[PDB]
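Everything on this sheet refers to the single structure shown next.
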Amino acid sequence: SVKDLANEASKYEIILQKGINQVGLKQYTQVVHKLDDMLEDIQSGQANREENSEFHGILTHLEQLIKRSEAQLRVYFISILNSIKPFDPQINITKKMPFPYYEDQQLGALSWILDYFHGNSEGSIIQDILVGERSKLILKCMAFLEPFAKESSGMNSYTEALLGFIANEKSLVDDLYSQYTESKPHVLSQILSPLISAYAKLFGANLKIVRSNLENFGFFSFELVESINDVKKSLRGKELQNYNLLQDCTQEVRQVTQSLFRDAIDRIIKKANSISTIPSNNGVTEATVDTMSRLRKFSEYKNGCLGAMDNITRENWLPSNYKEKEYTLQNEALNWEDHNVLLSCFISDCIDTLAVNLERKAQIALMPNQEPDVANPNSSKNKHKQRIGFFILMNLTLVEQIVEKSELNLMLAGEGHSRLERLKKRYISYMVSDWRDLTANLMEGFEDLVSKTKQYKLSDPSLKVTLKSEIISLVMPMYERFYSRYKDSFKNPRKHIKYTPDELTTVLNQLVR
């Protein structure tokens with residue numbers, strides 16, 4: 001029945017010949033079947049006949065018509081995957097909108113065509129395609145955010161997008177394989193795989209830029225982390241032929257984040273000594289302004305300063321050789337295991353550092369060839385305490401300011417504030433030095449310290465009051481004694497004693513300037 005089969009075949013060819021789009025996919029499929037059938041319906045019941053197997057002419061025409069048709073299926077398939085041309089996601093991020101997704105009917109088809117091939121033991125190809133296209137697309141979509149991802153943070157949107165994408169990708173793999181819950185992982189692996197590799201490059205690229213200039217991009221590392229974690233929190237569970245690139249990155253980032261503290265404590269020293277002359281006004285050094293501008297920068301990333309506060313003793317951020325005296329830590333009754341206490345300590349150390357170092361440079365300048373006797377209100381060598389005191393206080397009042405105005409306040413809270421306080425007291429204990437002399441000395445000089453003290457006005461009420469009394473509650477008690485005691489040894493009073501304990505008390509009260 002040679003001419004029989006051939007005559008029927010054409011009917012089909014005249015069908016396939018029409019566009020797949022013009023023959024409800026399902027039908028097109030069926031026909032190709034009935035054909036791959038006739039192909040076999042002639043290679044079985046005629047292979048047995050040695051005196052009959054010669055329908056070679058028409059047979060070949062089938063093998064041909066088939067291959068071609070199947071190929072149009074691969075094509076239709078790819079056409080579908082692309083019915084959602086790549087787009088700029090920058091908008092789906094800002095106005096937090098969902099990404100376009102394949103319509104229902106489309107999935108059906110894809111699934112079908114997937115079935116068509118997987119059901120012919122040659123779907124290992126339709127697989128390669130499915131994966132190829134998707135990733136090529138997502139990749140291109142990402143291409144829009146990339147340029148911005150290099151330095152608001154462009155790294156953020158770049159991630160937000162990836163996460164989003166990783167999501168839609170899971171869905172899609174499942175919505176497509178509701179029949180083959182056997183290779184869902186391997187498939188989604190190949191799709192996400194490159195997406196990540198891209199993330200990784202871009203990611204590593206940023207760190208490279210951050211490791212470079214820590215002075216300004218330093219804090220970005222905290223963001224780099226939030227980013228890499230979120231990406232890792234999204235992948236959790238699914239397999240990834242390429243995961244090590246993330247475990248690597250976190251290693252790189254994390255390894256830059258604590259580097260920030262030993263570093264932070266350094267800028268402060270390398271910036272306090274930066275200049276060796278006491279400003280004309282005894283005022284706020286650019287250093288003081290820098291360290292705060294920087295500390296504050298820290299506070300803005302609380303959650304991140306803790307995440308990378310573990311496995312780090314505070315030795316990890318102090319000079320290799322540091323004097324315990326130069327700090328305000330004492331009441332070691334803190335649960336050093338708890339990060340918060342650490343973080344607070346850190347901050348308090350920076351402040352302490354800044355304060356001490358200014359005092360270093362301060363003493364050096366005013367009187368060199370004399371080994372700087374820092375942080376010691378009773379220095380016998382130091383003779384410019386008062387000024388130095390005023391000087392350091394003047395910056396602290398600024399330090400205090402930036403603190404109260406920010407997170408740094410909540411971070412120090414309590415212990416921090418207690419140290420800060422203890423610190424202020426150190427330098428006020430300073431300005432009062434000159435008076436302890438005058439007093440104990442005798443047991444003119446008075447007018448002297450009065451004049452001198454009138455030269456320093458403080459931008460803070462507390463200090464003024466504190467200093468007023470501090471002086472009073474030291475000179476007076478003492479003077480009254482000596483006064484009234486060795487007072488009457490002669491006769492005429494106001495003809496020798498130009499000053500009366502009562503008078504002095506008033507004079508001292510005029511020191512509100």
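Residues in the structure tokens are named by chain (A, B, ... in the order shown) and by number from 1 within that chain; ligands are numbered from 1 in the order shown.
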Residue 217 of chain A surroundings by only C-alpha atoms, 12 Å radius, close-in-sequence under 5 positions cut, as a PyMOL selection string | chain A and resi 150-151+153+206-212+222-224+256-257+260+294+297
Residue 372 of chain A surroundings by only C-alpha atoms, 8 Å radius, close-in-sequence under 4 positions cut, as a PyMOL selection string = chain A and resi 360+363-364+382
Which residue, A:370, A:136, A:96, A:122, has the smallest gap to residue 161 of chain A when you use only C-alpha atoms?
-> A:96
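Nearest to residue 226 of chain A of all the residues A:335, A:259, A:453, A:156 is A:156, based on only C-alpha atoms.
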Determine, counting only C-alpha atoms, which protein, DNA and RNA residues have an atom within 12 Å of an atom of segment 262-267 of chain A; residues of the same chain fewer than 6 positions away are not included. Present the result as a PyMOL selection string.
-> chain A and resi 211+213-216+218-219+256+273-274+287-288+290-298+309+312-320+346-354+357
Output N, CA and C atoms for every residue in the selection just made, as a CSV table (one decimal), in the first residue's frame.
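Result file follows (again_22.csv):
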chain,number,residue,atom,x,y,z
A,211,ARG,N,38.0,48.6,49.9
A,211,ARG,CA,39.2,48.3,50.6
A,211,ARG,C,40.2,49.5,50.3
A,213,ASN,N,39.7,53.2,49.4
A,213,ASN,CA,39.5,54.4,50.2
A,213,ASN,C,38.5,54.1,51.4
A,214,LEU,N,39.1,53.6,52.5
A,214,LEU,CA,38.3,53.4,53.7
A,214,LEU,C,37.8,54.7,54.3
A,215,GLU,N,38.5,55.8,54.1
A,215,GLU,CA,38.1,57.1,54.7
A,215,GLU,C,36.7,57.5,54.4
A,216,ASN,N,36.3,57.3,53.1
A,216,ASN,CA,34.9,57.7,52.7
A,216,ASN,C,33.9,56.6,52.4
A,218,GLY,N,34.3,53.5,53.5
A,218,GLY,CA,34.4,52.6,54.6
A,218,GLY,C,33.1,51.9,55.1
A,219,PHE,N,32.2,52.8,55.5
A,219,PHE,CA,30.9,52.3,56.0
A,219,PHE,C,30.0,51.5,55.0
A,256,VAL,N,36.3,42.9,56.1
A,256,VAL,CA,36.6,44.3,55.9
A,256,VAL,C,35.8,45.1,56.9
A,273,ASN,N,47.2,64.4,65.7
A,273,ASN,CA,48.6,64.8,65.6
A,273,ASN,C,48.8,65.4,64.2
A,274,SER,N,47.8,65.2,63.3
A,274,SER,CA,47.8,65.7,62.0
A,274,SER,C,48.4,67.1,61.9
A,287,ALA,N,40.0,67.9,63.5
A,287,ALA,CA,40.0,66.5,63.9
A,287,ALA,C,38.8,66.2,64.7
A,288,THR,N,38.4,66.9,65.7
A,288,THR,CA,37.2,66.7,66.5
A,288,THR,C,36.0,66.6,65.6
A,290,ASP,N,36.1,65.8,62.5
A,290,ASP,CA,36.2,64.6,61.7
A,290,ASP,C,35.7,63.3,62.4
A,291,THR,N,36.3,63.1,63.6
A,291,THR,CA,36.0,61.9,64.4
A,291,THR,C,34.5,61.8,64.7
A,292,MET,N,33.9,62.9,64.9
A,292,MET,CA,32.4,62.8,65.2
A,292,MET,C,31.7,62.5,63.9
A,293,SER,N,32.0,63.3,62.8
A,293,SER,CA,31.4,63.1,61.5
A,293,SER,C,31.5,61.6,61.2
A,294,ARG,N,32.6,61.0,61.6
A,294,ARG,CA,32.8,59.6,61.3
A,294,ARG,C,32.1,58.7,62.3
A,295,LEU,N,32.1,59.0,63.6
A,295,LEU,CA,31.5,58.2,64.6
A,295,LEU,C,30.0,58.1,64.2
A,296,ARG,N,29.4,59.3,64.1
A,296,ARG,CA,28.0,59.4,63.7
A,296,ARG,C,27.8,58.5,62.6
A,297,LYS,N,28.7,58.5,61.6
A,297,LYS,CA,28.5,57.6,60.4
A,297,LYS,C,28.3,56.2,60.9
A,298,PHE,N,29.0,55.8,62.0
A,298,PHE,CA,28.9,54.5,62.5
A,298,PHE,C,27.5,54.2,63.0
A,309,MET,N,30.7,42.6,65.6
A,309,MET,CA,31.3,43.0,66.9
A,309,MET,C,31.7,41.7,67.6
A,312,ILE,N,35.6,39.6,68.6
A,312,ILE,CA,36.5,40.8,68.6
A,312,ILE,C,36.7,41.4,70.0
A,313,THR,N,37.8,41.1,70.6
A,313,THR,CA,38.1,41.8,71.9
A,313,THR,C,38.4,43.2,71.6
A,314,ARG,N,38.3,44.1,72.6
A,314,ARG,CA,38.6,45.5,72.4
A,314,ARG,C,40.1,45.7,72.2
A,315,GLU,N,40.9,44.7,72.3
A,315,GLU,CA,42.3,44.8,72.1
A,315,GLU,C,42.4,45.0,70.6
A,316,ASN,N,41.5,44.4,69.9
A,316,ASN,CA,41.4,44.4,68.4
A,316,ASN,C,41.3,45.8,67.9
A,317,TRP,N,41.2,46.8,68.7
A,317,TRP,CA,41.0,48.2,68.2
A,317,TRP,C,41.8,49.3,69.0
A,318,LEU,N,42.7,48.8,69.8
A,318,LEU,CA,43.5,49.8,70.6
A,318,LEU,C,45.0,49.7,70.2
A,319,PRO,N,45.7,50.8,70.4
A,319,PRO,CA,47.2,50.8,70.0
A,319,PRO,C,47.8,49.6,70.6
A,320,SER,N,48.8,49.1,69.8
A,320,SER,CA,49.5,47.9,70.2
A,320,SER,C,50.0,48.0,71.7
A,346,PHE,N,33.6,50.7,72.5
A,346,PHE,CA,34.3,51.2,71.3
A,346,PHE,C,34.2,52.7,71.3
A,347,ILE,N,32.9,53.2,71.0
A,347,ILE,CA,32.6,54.6,70.9
A,347,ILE,C,33.3,55.4,72.0
A,348,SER,N,33.2,55.0,73.2
A,348,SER,CA,33.8,55.7,74.3
A,348,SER,C,35.3,55.7,74.2
A,349,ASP,N,35.9,54.7,73.6
A,349,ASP,CA,37.3,54.7,73.4
A,349,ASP,C,37.8,55.7,72.4
A,350,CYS,N,37.1,55.8,71.2
A,350,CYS,CA,37.4,56.8,70.2
A,350,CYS,C,37.4,58.1,70.9
A,351,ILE,N,36.3,58.5,71.6
A,351,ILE,CA,36.2,59.7,72.2
A,351,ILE,C,37.4,59.9,73.1
A,352,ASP,N,37.7,58.9,74.0
A,352,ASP,CA,38.8,59.0,74.9
A,352,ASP,C,40.0,59.3,74.1
A,353,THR,N,40.2,58.5,73.1
A,353,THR,CA,41.4,58.6,72.2
A,353,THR,C,41.6,60.1,71.8
A,354,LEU,N,40.6,60.5,71.0
A,354,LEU,CA,40.6,61.9,70.5
A,354,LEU,C,41.0,62.9,71.6
A,357,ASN,N,44.8,62.3,72.8
A,357,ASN,CA,45.7,62.7,71.7
A,357,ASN,C,45.8,64.2,71.5
Write out as JSON, numbers by chain each polymer residue whose atoms come within 8 Å of segment 280-285 of chain A, counting only C-alpha atoms; drop sequence neighbours fewer than 3 positions from it.
-> {"A": [288, 289, 387, 390, 391, 394, 395, 398]}
Give the alpha helix (DSSP H) residues of segment 79-282 of chain A, as assigned by DSSP on the backbone, as number ranges by chain.
-> A: 79-81, 90-94, 104-118, 123-142, 154-176, 184-212, 214-217, 220-235, 244-257, 259-272
Using only C-alpha atoms, which of A:307, A:377, A:414, A:477 sits nearest residue 429 of chain A?
-> A:377
Option closest in space to residue 479 of chain A, from A:72, A:500, A:241, A:30 [counting only C-alpha atoms] =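 Counting only C-alpha atoms, the residue closest to residue 479 of chain A is A:500.
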For residue 419 of chain A, the nearest of the candidates A:16, A:497, A:329, A:126, counting only C-alpha atoms = A:329
Nearby residues (only C-alpha atoms) at most 10 Å from residue 185 of chain A, same-chain spacing under 3 positions excluded, as JSON, numbers by chain | {"A": [170, 173, 174, 181, 182, 188, 189, 190, 191, 237, 238, 239, 240]}
What's the 12 Å shell around residue 75 of chain A, counting only C-alpha atoms, without same-chain residues fewer than 5 positions away, as a PyMOL selection string?
-> chain A and resi 19-21+68-70+80-82+110+113+126+129-130+133
Kindly export the residues of the current selection with N, CA and C atoms, as an mmCIF file, in the first residue's frame.
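Heads up, here's the output in out.cif:
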data_model
loop_
_atom_site.group_PDB
_atom_site.id
_atom_site.type_symbol
_atom_site.label_atom_id
_atom_site.label_comp_id
_atom_site.auth_asym_id
_atom_site.auth_seq_id
_atom_site.Cartn_x
_atom_site.Cartn_y
_atom_site.Cartn_z
ATOM 1 N N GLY A 19 0.969 27.664 9.622
ATOM 2 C CA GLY A 19 1.670 28.014 10.848
ATOM 3 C C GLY A 19 1.193 27.343 12.132
ATOM 4 N N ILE A 20 2.129 27.019 13.024
ATOM 5 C CA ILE A 20 1.771 26.413 14.304
ATOM 6 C C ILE A 20 0.796 27.377 14.969
ATOM 7 N N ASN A 21 1.102 28.666 14.887
ATOM 8 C CA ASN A 21 0.249 29.681 15.482
ATOM 9 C C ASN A 21 -1.142 29.607 14.887
ATOM 10 N N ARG A 68 11.952 19.077 10.606
ATOM 11 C CA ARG A 68 11.608 20.463 10.336
ATOM 12 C C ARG A 68 10.532 20.928 11.310
ATOM 13 N N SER A 69 9.450 20.155 11.403
ATOM 14 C CA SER A 69 8.339 20.495 12.282
ATOM 15 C C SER A 69 8.783 20.593 13.722
ATOM 16 N N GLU A 70 9.430 19.539 14.214
ATOM 17 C CA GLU A 70 9.899 19.566 15.584
ATOM 18 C C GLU A 70 10.667 20.871 15.820
ATOM 19 N N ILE A 80 7.991 31.975 22.724
ATOM 20 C CA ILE A 80 7.205 32.165 23.930
ATOM 21 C C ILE A 80 8.017 32.752 25.063
ATOM 22 N N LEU A 81 9.115 32.089 25.437
ATOM 23 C CA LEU A 81 9.952 32.562 26.530
ATOM 24 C C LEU A 81 10.259 34.017 26.359
ATOM 25 N N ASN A 82 10.392 34.457 25.107
ATOM 26 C CA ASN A 82 10.714 35.857 24.816
ATOM 27 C C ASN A 82 9.550 36.820 24.708
ATOM 28 N N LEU A 110 4.231 26.040 27.042
ATOM 29 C CA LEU A 110 5.606 25.723 27.413
ATOM 30 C C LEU A 110 5.660 24.333 28.030
ATOM 31 N N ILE A 113 4.991 21.727 25.278
ATOM 32 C CA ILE A 113 6.165 21.531 24.430
ATOM 33 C C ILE A 113 7.275 20.849 25.219
ATOM 34 N N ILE A 126 15.515 20.565 25.103
ATOM 35 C CA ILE A 126 14.488 21.543 25.426
ATOM 36 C C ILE A 126 14.800 22.131 26.812
ATOM 37 N N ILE A 129 17.623 24.783 26.404
ATOM 38 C CA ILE A 129 17.005 25.993 25.903
ATOM 39 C C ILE A 129 16.274 26.728 27.028
ATOM 40 N N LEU A 130 15.310 26.046 27.640
ATOM 41 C CA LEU A 130 14.520 26.638 28.717
ATOM 42 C C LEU A 130 15.371 27.453 29.691
ATOM 43 N N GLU A 133 17.515 30.593 27.588
ATOM 44 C CA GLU A 133 16.693 31.782 27.446
ATOM 45 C C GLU A 133 16.441 32.531 28.770
#
Fewer than 5 positions away in the same chain doesn't count, so skip those; otherwise give me all residues within 12 Å of residue 248 of chain A, counting only C-alpha atoms, as a PyMOL selection string.
-> chain A and resi 197+200-201+203-204+228+232+242-243+253-255
Keeping only N, CA, C and O atoms, write those residues as a short mmCIF file (atom, residue, chain, number, x, y, z; two decimals), in the first residue's frame.
data_model
loop_
_atom_site.label_atom_id
_atom_site.label_comp_id
_atom_site.auth_asym_id
_atom_site.auth_seq_id
_atom_site.Cartn_x
_atom_site.Cartn_y
_atom_site.Cartn_z
N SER A 197 26.66 34.55 39.65
CA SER A 197 28.01 34.81 39.22
C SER A 197 28.13 36.30 38.91
O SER A 197 29.14 36.92 39.23
N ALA A 200 28.16 38.24 42.08
CA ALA A 200 29.48 38.03 42.66
C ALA A 200 30.54 38.97 42.11
O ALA A 200 31.29 39.58 42.90
N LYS A 201 30.61 39.08 40.77
CA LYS A 201 31.58 39.96 40.12
C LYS A 201 31.32 41.37 40.62
O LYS A 201 32.19 42.00 41.26
N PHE A 203 29.68 42.42 43.02
CA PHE A 203 29.89 42.49 44.46
C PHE A 203 31.35 42.68 44.76
O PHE A 203 31.75 43.68 45.38
N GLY A 204 32.15 41.71 44.32
CA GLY A 204 33.58 41.79 44.57
C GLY A 204 34.14 43.10 44.09
O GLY A 204 34.99 43.70 44.75
N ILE A 228 24.75 40.98 50.67
CA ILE A 228 25.17 39.60 50.50
C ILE A 228 24.37 38.62 51.34
O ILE A 228 24.09 37.51 50.88
N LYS A 232 21.91 35.58 50.24
CA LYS A 232 22.12 34.24 50.77
C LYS A 232 20.88 33.70 51.45
O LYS A 232 20.64 32.48 51.46
N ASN A 242 27.03 26.86 41.72
CA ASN A 242 27.99 27.91 41.99
C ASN A 242 27.61 28.64 43.25
O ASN A 242 26.95 29.67 43.17
N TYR A 243 28.01 28.10 44.40
CA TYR A 243 27.67 28.73 45.68
C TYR A 243 28.90 29.36 46.33
O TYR A 243 28.84 30.47 46.85
N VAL A 253 33.89 40.41 52.66
CA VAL A 253 33.20 41.51 53.32
C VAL A 253 33.44 41.51 54.81
O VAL A 253 34.01 42.46 55.34
N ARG A 254 33.00 40.44 55.47
CA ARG A 254 33.14 40.33 56.92
C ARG A 254 34.55 40.72 57.34
O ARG A 254 34.76 41.38 58.38
N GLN A 255 35.51 40.33 56.52
CA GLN A 255 36.92 40.60 56.77
C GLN A 255 37.29 42.06 56.57
O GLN A 255 38.44 42.43 56.80
#
